[PDB]
Amino acid sequence: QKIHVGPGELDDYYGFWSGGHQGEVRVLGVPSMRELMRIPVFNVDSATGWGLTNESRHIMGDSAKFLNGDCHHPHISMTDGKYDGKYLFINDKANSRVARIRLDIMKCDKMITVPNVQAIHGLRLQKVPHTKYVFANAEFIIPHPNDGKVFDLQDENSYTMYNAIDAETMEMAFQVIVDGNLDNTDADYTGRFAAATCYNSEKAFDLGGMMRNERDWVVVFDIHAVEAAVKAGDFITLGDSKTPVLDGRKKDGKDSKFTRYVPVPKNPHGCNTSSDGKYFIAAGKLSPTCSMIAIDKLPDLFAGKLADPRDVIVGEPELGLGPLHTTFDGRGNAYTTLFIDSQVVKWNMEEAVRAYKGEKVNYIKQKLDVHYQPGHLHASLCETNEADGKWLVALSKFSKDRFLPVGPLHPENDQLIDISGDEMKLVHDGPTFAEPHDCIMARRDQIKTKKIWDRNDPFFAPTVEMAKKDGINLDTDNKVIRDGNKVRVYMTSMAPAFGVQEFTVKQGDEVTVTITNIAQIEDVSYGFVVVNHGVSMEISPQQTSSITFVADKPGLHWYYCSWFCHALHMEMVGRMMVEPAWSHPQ
Amino acid sequence: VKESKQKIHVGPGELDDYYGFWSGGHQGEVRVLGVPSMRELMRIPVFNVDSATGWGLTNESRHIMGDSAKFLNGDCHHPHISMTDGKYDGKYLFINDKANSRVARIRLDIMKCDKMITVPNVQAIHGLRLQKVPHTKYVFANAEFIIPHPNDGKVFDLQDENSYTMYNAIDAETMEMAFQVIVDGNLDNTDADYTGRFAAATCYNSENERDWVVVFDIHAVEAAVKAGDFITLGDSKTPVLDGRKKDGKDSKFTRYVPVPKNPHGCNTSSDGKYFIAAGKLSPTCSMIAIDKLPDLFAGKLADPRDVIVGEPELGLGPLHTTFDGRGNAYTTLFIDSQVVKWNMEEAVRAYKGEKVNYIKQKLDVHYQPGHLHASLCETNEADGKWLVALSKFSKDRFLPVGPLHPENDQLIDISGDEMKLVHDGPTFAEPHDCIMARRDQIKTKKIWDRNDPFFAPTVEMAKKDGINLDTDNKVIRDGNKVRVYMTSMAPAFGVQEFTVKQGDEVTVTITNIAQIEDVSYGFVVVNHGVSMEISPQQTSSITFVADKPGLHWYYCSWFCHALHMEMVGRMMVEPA
Ligand code: CUZ
Ligand code: CUA
Ligand code: CUA
Ligand SMILES: [Ca+2]
Ligand SMILES: [Ca+2]
Ligand SMILES: [Cl-]
Ligand SMILES: [Cl-]
Ligand SMILES: [K+]
Ligand SMILES: [K+]
Ligand code: NA
Ligand code: NA
Ligand SMILES: [Zn+2]
Ligand SMILES: [Zn+2]
Numbered sequence: 058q059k060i061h062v063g064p065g066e067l068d069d070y071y072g073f074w075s076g077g078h079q080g081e082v083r084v085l086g087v088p089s090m091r092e093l094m095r096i097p098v099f100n101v102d103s104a105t106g107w108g109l110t111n112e113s114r115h116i117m118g119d120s121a122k123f124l125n126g127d128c129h130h131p132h133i134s135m136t137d138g139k140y141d142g143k144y145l146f147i148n149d150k151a152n153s154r155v156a157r158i159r160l161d162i163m164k165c166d167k168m169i170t171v172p173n174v175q176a177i178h179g180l181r182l183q184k185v186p187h188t189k190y191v192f193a194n195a196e197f198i199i200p201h202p203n204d205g206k207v208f209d210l211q212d213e214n215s216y217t218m219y220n221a222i223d224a225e226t227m228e229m230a231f232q233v234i235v236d237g238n239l240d241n242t243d244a245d246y247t248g249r250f251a252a253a254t255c256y257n258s259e260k261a262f263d264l265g266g267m268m269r270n271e272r273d274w275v276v277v278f279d280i281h282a283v284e285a286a287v288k289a290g291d292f293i294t295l296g297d298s299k300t301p302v303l304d305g306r307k308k309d310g311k312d313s314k315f316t317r318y319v320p321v322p323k324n325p326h327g328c329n330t331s332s333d334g335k336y337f338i339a340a341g342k343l344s345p346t347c348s349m350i351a352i353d354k355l356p357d358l359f360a361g362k363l364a365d366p367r368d369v370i371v372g373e374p375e376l377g378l379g380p381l382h383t384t385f386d387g388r389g390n391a392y393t394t395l396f397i398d399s400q401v402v403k404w405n406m407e408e409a410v411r412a413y414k415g416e417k418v419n420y421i422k423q424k425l426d427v428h429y430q431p432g433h434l435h436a437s438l439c440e441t442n443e444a445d446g447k448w449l450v451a452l453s454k455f456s457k458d459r460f461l462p463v464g465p466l467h468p469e470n471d472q473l474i475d476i477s478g479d480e481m482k483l484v485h486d487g488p489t490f491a492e493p494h495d496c497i498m499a500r501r502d503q504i505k506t507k508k509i510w511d512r513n514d515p516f517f518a519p520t521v522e523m524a525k526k527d528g529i530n531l532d533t534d535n536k537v538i539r540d541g542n543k544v545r546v547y548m549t550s551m552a553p554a555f556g557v558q559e560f561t562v563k564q565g566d567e568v569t570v571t572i573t574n575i576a577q578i579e580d581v582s583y584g585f586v587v588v589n590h591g592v593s594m595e596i597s598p599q600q601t602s603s604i605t606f607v608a609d610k611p612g613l614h615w616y617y618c619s620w621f622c623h624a625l626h627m628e629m630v631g632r633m634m635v636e637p638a639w640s641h642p643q
Numbered sequence: 053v054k055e056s057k058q059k060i061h062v063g064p065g066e067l068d069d070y071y072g073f074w075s076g077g078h079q080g081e082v083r084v085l086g087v088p089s090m091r092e093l094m095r096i097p098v099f100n101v102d103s104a105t106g107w108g109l110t111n112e113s114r115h116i117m118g119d120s121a122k123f124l125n126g127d128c129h130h131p132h133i134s135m136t137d138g139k140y141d142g143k144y145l146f147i148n149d150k151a152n153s154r155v156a157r158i159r160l161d162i163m164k165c166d167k168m169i170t171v172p173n174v175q176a177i178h179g180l181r182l183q184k185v186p187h188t189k190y191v192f193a194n195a196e197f198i199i200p201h202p203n204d205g206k207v208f209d210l211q212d213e214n215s216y217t218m219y220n221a222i223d224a225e226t227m228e229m230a231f232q233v234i235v236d237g238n239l240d241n242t243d244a245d246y247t248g249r250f251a252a253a254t255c256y257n258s259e270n271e272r273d274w275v276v277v278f279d280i281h282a283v284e285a286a287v288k289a290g291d292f293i294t295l296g297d298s299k300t301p302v303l304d305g306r307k308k309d310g311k312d313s314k315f316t317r318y319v320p321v322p323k324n325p326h327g328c329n330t331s332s333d334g335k336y337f338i339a340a341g342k343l344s345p346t347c348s349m350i351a352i353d354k355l356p357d358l359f360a361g362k363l364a365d366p367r368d369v370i371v372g373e374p375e376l377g378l379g380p381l382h383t384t385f386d387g388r389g390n391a392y393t394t395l396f397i398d399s400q401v402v403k404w405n406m407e408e409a410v411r412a413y414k415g416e417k418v419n420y421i422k423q424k425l426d427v428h429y430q431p432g433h434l435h436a437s438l439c440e441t442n443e444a445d446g447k448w449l450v451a452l453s454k455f456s457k458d459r460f461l462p463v464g465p466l467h468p469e470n471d472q473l474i475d476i477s478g479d480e481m482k483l484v485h486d487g488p489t490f491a492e493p494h495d496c497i498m499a500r501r502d503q504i505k506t507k508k509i510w511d512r513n514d515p516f517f518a519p520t521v522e523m524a525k526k527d528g529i530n531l532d533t534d535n536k537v538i539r540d541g542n543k544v545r546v547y548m549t550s551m552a553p554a555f556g557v558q559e560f561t562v563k564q565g566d567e568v569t570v571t572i573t574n575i576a577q578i579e580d581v582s583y584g585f586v587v588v589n590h591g592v593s594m595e596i597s598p599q600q601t602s603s604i605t606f607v608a609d610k611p612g613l614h615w616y617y618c619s620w621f622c623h624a625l626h627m628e629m630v631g632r633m634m635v636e637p638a
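Residue numbers (the entry's author numbering), protein chains in the order written: chain B, 58 to 643; chain A, 53 to 259, 270 to 638.
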């Protein structure tokens with residue numbers, strides 16, 4: 058298995074890394090582990106203008122007021138349990154958002170603030186028959202309504218909710234109230250069942266209380282029952298949201314139609330579907346085990362053919378101190394991170410199941426040391442029924458002495474491990490910034506990217522619509538439109554000349570600059586910067602971009618093209634002239 | 053005979069040999085790489101807003117940025133490291149902001165931006181370089197674009213006698229302006245000699271069959287400043303000297319050396335003999351003899367062209383030059399898409415008419431190189447081991463990732479007689495230029511000092527409230543202001559709940575009293591756009607308004623402990 062990608066060689070896999078609390082998505086080549094691209098999502102990106110431009114702020118909605126995000130879990134849309142390469146979804150824990158990235162243009166094209174919740178943490182996609190739903194955990198219990206009259210998490214109206222988002226429209230589909238709280242989640246290989254771990258079955262707010270119970274649980278959702286209740290109109294709404302809300306709590310011991318609670322020790326964390334579709338595997342964290350939920354026993358559990366919810370557990374292997382996450386090679390082994398022991402442990406799921414039935418046997422195959430304190434791990438295609446068992450990335454939280462010193466803040470250490478053989482082999486230490494939690498890999502042929510924009514692309518269609526009201530054809534017009542104290546500049550661009558090289562406004566005017574890059578070549582991107590106005594954006598081939606700012610300073614102000622595009626790059630410039638307020642009315 | 057055969061694989065457990073400091077380009081940060089692995093070890097926020105650490109959101113960072121904290125963007129190109137006696141001393145890194153006309157200082161012991169200045173009365177700081185000898189007293193900075201003076205909207209004509217740009221000197225230690233020099237034309241790039249007397253800059257817009275490199279007599283400038291012979295502009299107290307030619311007469315502070323053609327790069331050879339100006343539109347470099355500049359300013363030379371001692375023909379589109387310390391220069395050919403290696407002394411002899419070939423090798427790069435940088439090339443210790451060429455079009459060299467492409471930063475072994483390309487490093491947002499330093503030239507703190515200037519103003523606020531940041535967990539109420547102070551020790555915030563009134567302006571100050579390297583904590587307030595880092599022994603603070611009634615969770619964002627998920631707290635906001 059080639060480990061090094063020489064000059065002129067291409068990587069075999071795409072890797073999509075979460076940005077952690079830096080808020081972006083990063084695109085890596087695997088196995089070289091080099092960063093090919095950054096995709097801004099919840100961060101403000103100076104280079105492309107994401108969070109400054111009118112297109113990006115329209116996608117972010119009211120949340121464009123936040124300059125931060127915290128993402129953990131990137132996942133790729135699937136058709137029949139295999140990646141189809143259309144979309145990447147990722148969570149925002151800091152401002153309770155889910156974002157969709159369009160993998161053909163590698164940009165965030167949709168974003169939603171999940172109503173009536175705080176902190177979207179766990180996120181995963183339906184696998185079968187395709188990704189109809191994005192499943193998203195809200196982590197923290199809050200009052201409903203949260204109007205400041207009740208603060209107690211033990212009140213009957215204090216709770217958190219499981220969230221399903223329509224992948225294609227990126228509108229809420231439903232929400233399910235649960236007991237306890239929600240950590241990570243996964244889905245089965247039929248479309249019926251999803252599952253989430255809970256660590257706060259105590260509904261406490263202090264550390265001691267959140268650890269009291271010997272077992273919390275994984276809550277299992279019967280999505281068919283949920284949809285059936287929705288189509289039946291048997292749901293409520295909260296506040297101003299029209300999202301159907303269903304009640305998944307126990308009510309005096311009796312289970313909801315929508316949920317079952319499997320007792321699992323202890324403050325469990327990871328929740329991973331095996332690539333063969335047999336198991337939900339929950340990482341015990343404070344318990345030195347994983348718990349294996351048999352998905353094929355779930356219909357019986359929901360029909361009361363089982364006497365005890367624990368009867369869906371068919372294994373609970375002892376793996377080591379602080380199991381956090383599990384991934385799969387597709388050969389019948391699971392790999393689990395041990396945060397405290399700082400290892401990855403390879404174990405055989407079928408043997409662990411036999412040992413739970415008393416058949417004494419050694420299901421642990423190998424323990425590999427990692428550096429240090431691993432969180433997530435990801436084996437190539439592990440989330441599909443094409444799990445290929447080639448590469449394994451383990452994302453550790455303390456790199457200590459593994460890289461040159463760079464001050465008090467250290468990088469993370471994302472370590473690439475060869476699992477194609479019987480023995481795991483550590484091959485590469487990859488330092489990353491801001492704590493990626495999780496990543497996801499796709500084969501090179503599973504991702505198809507556009508090199509030039511289509512002119513009808515929904516990303517800037519609202520801008521095309523604005524132009525039409527001014528009688529503007531964006532493909533050819535270089536025009537300055539005036540409307541009271543607003544000025545709308547429309548221009549084409551072809552290196553090294555802006556189509557409007559100068560224009561004049563009154564001090565205080567609100568200026569929108571719309572630029573259409575009418576180039577038809579690849580890698581031919583232009584920029585636009587207005588000096589000393591905090592204005593910056595990218596316009597790639599056939600794209601239209603626009604940015605709005607206030608001409609608050611009298612005098613002559615230069616604008617320039619930022620993206621090196623030509624041998625005459627530092628000469629693709631223009632001038633905005635701002636007439637002083639004292640020479641105009643008022 | 054000596055071969056180029058350095059090892060590029062830094063396996064697990066092994067450490068890189070050099071630090072690389074990459075500019076962030078249009079993204080606005082600075083990036084720290086290990087060389088030769090070319091892996092990114094750290095990002096240093098400067099002009100960007102960084103969700104992870106809170107740079108741009110915290111009180112400490114917005115204090116450093118001053119009024120310019122209102123800008124969420126930057127555009128940097130030129131990172132440089134402070135020198136003592138012509139050698140890197142590891143103290144500071146400086147970098148430019150072309151978009152909002154700033155210079156930033158980074159302290160290399162903490163790897164944080166600690167000072168920032170908006171340069172007055174100019175637009176767009178582009179070229180930037182450091183005084184070398186006797187140390188980096190001055191940061192030299194080019195303002196690129198010509199503007200009216202004053203720029204109040206009465207005059208827009210760029211040919212007006214009061215429309216010009218200026219060369220800028222910033223005091224490196226105080227990060228206050230030292231002086232500005234009005235010049236003719238446009239400034240592009242700049243460098244300094246190895247004595248402290250001279251600096252030089254290419255000018256592309258003298259408007270021209272020839273533009274020039276302008277040469278500054280920094281001693282003469284300092285003399286005038288100390289005798290009070292200067293004017294000031296607008297409301298800036300900065301001494302301003304007039305370096306323009308007047309009726310064909312020369313300023314005391316400047317000489318204009320004719321050089322073709324829209325010259326771009328301006329690079330000082332490591333032996334200190336030459337300012338080398340890359341020809342861009344002319345397929346040449348021009349070599350100015352620094353030891354002839356005293357005679358130039360003394361009026362002992364018949365013609366400003368007399369200080370030119372070499373003009374080698376290299377290829378199409380020379381943009382920049384670097385040095386191996388063995389007597390070779392390395393120049394990027396932007397059109398030919400090559401690095402050309404050439405011998406500077408053979409170039410000088412050729413210029414006299416000897417038939418001697420000074421070109422040693424041309425290496426193909428991919429594609430369209432701009433800047434290049436050999437290790438320690440800006441110092442008299444240039445070691446001739448590694449070369450990075452930063453190329454603007456990666457085309458097919460990496461997997462496709464949509465309409466936007468990465469820059470291709472190519473690592474080249476120059477240790478032997480033949481350059482060898484050994485690695486392609488894709489980078490985001492056109493870093494443009496970089497600088498390398500030996501591992502042993504950089505010394506960083508592992509934990510913060512409690513007296514650090516970075517958060518000294520926050521320590522002062524706490525002093526006014528009577529707070530001992532090392533021990534106290536308290537909530538001060540002051541009208542509609544709320545100042546929460548707390549220690550933190552994973553897995554617990556030192557204040558786990560507090561209550562305020564809707565609309566209160568809340569300041570949260572957190573001190574990480576851990577003593578263990580790498581145990582960094584975070585603080586995020588859910589749905590309030592609040593996020594910051596607190597590393598060991600650091601104090602950080604952030605102000606926001608509690609505009610939403612009800613219970614609002616905060617949590618630690620830096621995975622710090624087995625019980626990370628449970629290190630949380632509650633803000634309770636009583637309705638108005
Ligand atoms: Cu948010 S948690 Cu184990 Cu995913 Cu990092
Ligand atoms: Cu247009 Cu560079
Ligand atoms: Cu504090 Cu994780
Ligand atoms: Ca618990
Ligand atoms: Ca010119
Ligand atoms: Cl998980
Ligand atoms: Cl230069
Ligand atoms: K870390
Ligand atoms: K580029
Ligand atoms: Na939306
Ligand atoms: Na300052
Ligand atoms: Zn440059
Ligand atoms: Zn350049």
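C-beta atoms are modelled at their ideal positions from N, C-alpha and C, and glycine is treated no differently.
Query	Result
Please confirm whether A/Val155 and A/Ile133 have their CB atoms less than 8 Å apart.	no
Identify the continuous alpha helix (DSSP H) that holds B/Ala524 and give its terminal residues.	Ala518 to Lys526
Taking 7 Å as the cut-off, is the beta-carbon of A/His130 closer than that to any non-hydrogen atom of ligand 13?	no
According to DSSP, is B/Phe337 helix, strand or coil?	strand
Check whether the segment 189-201 of chain A and the segment 239-254 of chain A touch, using three or more Cβ-Cβ pairs below 8 Å as the test.	yes
Which residues count as close to ligand 6 when the rule is a CB under 6 Å from any of its heavy atoms, in chain order?	B/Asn241, B/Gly327, B/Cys328, B/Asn329 and B/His382
Should A/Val463 be flagged as near chain B, meaning a C-beta pair shorter than 8 Å?	yes
What did DSSP end up calling A/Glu225 once you bin it into helix, strand or coil?	coil
So, for B/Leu358: in the same chain, excluding its five sequence neighbours on each side, which residues have a beta-carbon less than 7 Å away from its beta-carbon?	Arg317, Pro366 and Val369
Output, in chain order, the set of chain A residues within a Cβ distance shorter than 7 Å of B/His467.	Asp580
For chain B, is any of its Cβ atoms less than 8 Å away from the one on residue 261 of chain A?	Residue 261 of chain A cannot be located in this model; chain A continues from 259 straight on to 270.
On a CA-only basis, which of B/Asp166, B/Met406 and B/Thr105 is nearest A/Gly126? Give me that one, please.	B/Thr105
Taking 7 Å as the cut-off, does the CB of A/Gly106 come closer than this to any heavy atom belonging to ligand 13?	no
Can you list the residues of chain B that A/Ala554 reaches, using a CB-CB cut of under 8 Å?	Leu264
Counting only beta-carbon separations shorter than 8 Å, does A/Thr506 have a partner in chain B?	yes
Cutting at 7 Å between CB atoms, please list the residues of its own chain near B/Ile397, excluding the five before and the five after it.	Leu378 and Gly379
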